[PDB]
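Below is one structure; the comments refer to it alone.
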Amino acid sequence: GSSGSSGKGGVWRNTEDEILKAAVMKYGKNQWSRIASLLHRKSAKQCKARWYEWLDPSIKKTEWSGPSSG
């Protein structure tokens, strides 16, 4: 919408995601605060949200299998 950092689920660019996804994998899903520093206009809340939002394993993703019986 307008210039700033805070907001409702701030947008995200491939780059930001690349750095985040990695950092989280290196430092882990605990140093969310430190990771935020890496990205400009980002905070633990965003890093944690954006992550669990789309970037997360728990998410119900397909496992090399589509149409399965039962």
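Here the chain is treated as an ellipsoid with the same Cα gyration tensor; its semi-axes, largest first and in whole Å, are 27, 15, 10.
Helical content alone sets the calculated 222 nm signal of the chain at -12500 deg cm²/dmol, taking -39,500 (n - 2.57) per DSSP H segment of four or more residues and averaging over every residue. Each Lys and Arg contributes +1 and each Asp and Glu -1, all at the Cβ; summed about the Cα centre of the chain, the dipole is approximately 280 debye.
Coordinate-derived values only; no laboratory data. As a convention, Cβ positions derive from the backbone with ideal geometry for all residues, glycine included, and neighbour counts pool all protein chains shown.
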